[PDB]
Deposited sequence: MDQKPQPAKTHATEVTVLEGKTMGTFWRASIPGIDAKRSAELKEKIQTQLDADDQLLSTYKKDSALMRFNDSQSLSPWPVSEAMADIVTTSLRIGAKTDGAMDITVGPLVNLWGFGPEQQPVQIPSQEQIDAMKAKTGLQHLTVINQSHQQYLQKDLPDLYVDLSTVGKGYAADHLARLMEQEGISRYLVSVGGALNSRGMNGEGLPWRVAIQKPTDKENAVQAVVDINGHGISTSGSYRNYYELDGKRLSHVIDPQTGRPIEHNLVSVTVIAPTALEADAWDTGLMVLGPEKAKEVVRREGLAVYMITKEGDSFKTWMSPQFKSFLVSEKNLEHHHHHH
């Protein structure tokens, strides 16, 4: 059967929904629902909009529980846990440190300034409180600053998938930026096509899962022998220096994948592989070694490959 592709803009990037063919009125109605939901998610999570739910929390100096939506609570919960499991490499409180660099560095902070700033960051400073009819965030530092840009697209893709289910669409491939979520087979009873970066192509079936990628071998800045990156390691408060070009993660949700791919990118190849082993993650890595790109997959990732 045929396929309808809807596309639009959100979160500084694009969204796409590929679904079984629907009629024109149905397609228009669905696109309106999708854009409305994504607009609301952007308004929930954005740091750019000073009136977002997130930015209202940031602007509050309260150390008491702060009411939030179920989505906010769950995004932060997942972020804190994957933060913990990547030894702090995935850190949604690192904003103040990032703000020191203007992210080649053009304005560089001293070691003293870095140290002063990391005192206003830390995953330990956040708590999520869930109850039946309400939920909260709580910070123990008034000027803690939370930034969800590294996990927002993954959530948005998951939420987009749930919207499809609610609309009686149980076969789909949806995406927000590089974060994808898919369930069910395509019109020909085969996996929805999800292609992986081939640096020199591998295809995966992410049915029942989400996938997300951090980095690209086509946006890998490198001067002399040094990596040039605007990605700040939250434990050093400095840009990463390793040769991990891109990391792709398949996880049970795109939110999780989006959190993992960020943490693993920060950790770099050796430490990322230890986390991948420990957690049994499905991961694909591209590294730059001399004049060649090298690829690597965990056993769990290989199981998702299609032929």
Requested in this report: Report the unmodelled segments of the deposited sequence as residue ranges counted from 1.
Outcome: 1 to 12, 116 to 119, 217 to 222, 330 to 340
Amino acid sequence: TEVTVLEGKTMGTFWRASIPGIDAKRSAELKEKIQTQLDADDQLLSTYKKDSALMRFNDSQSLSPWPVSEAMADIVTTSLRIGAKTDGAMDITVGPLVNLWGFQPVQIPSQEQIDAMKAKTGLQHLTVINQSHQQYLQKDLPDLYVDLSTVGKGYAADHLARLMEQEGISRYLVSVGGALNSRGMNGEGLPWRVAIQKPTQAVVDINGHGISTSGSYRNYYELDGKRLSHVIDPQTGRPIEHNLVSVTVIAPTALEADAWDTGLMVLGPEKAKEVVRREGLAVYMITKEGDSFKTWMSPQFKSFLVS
From here on, numbers count along this sequence of modelled residues.
Query raised in the report: 187 to 195 versus 147 to 155: which one carries the higher mean Cα B factor per the record?
Result: 187 to 195
Query raised in the report: Got a sec? Mean C-alpha B-factor, which is higher, 246 to 254 or 270 to 278?
Result: 270 to 278
Query raised in the report: Which one, 164, 72, 223, 80, has the peak C-alpha temperature factor per the PDB entry?
Result: 223
Query raised in the report: Highest Cα B-factor in the PDB entry belongs to which of 116, 129, 179, 126?
Result: 116
Report task. Please rank the C-alpha B-factors of the chain's modelled residues and tell me whether residue 34 sits in the lowest, middle or highest third. Result -> lowest
Query - For residue 67, the third of its chain into which the C-alpha B factor falls - result: middle
Query - Within-chain third of residue 264 by Cα B-factor, per the entry - result: lowest
Report summary line: Entry-reported C-alpha B-factor of residue 88 relative to its chain, by third, is middle
Report task. For residue 208, return the chain-relative third of its C-alpha B-factor as stated in the PDB record: lowest, middle or highest. Result -> lowest
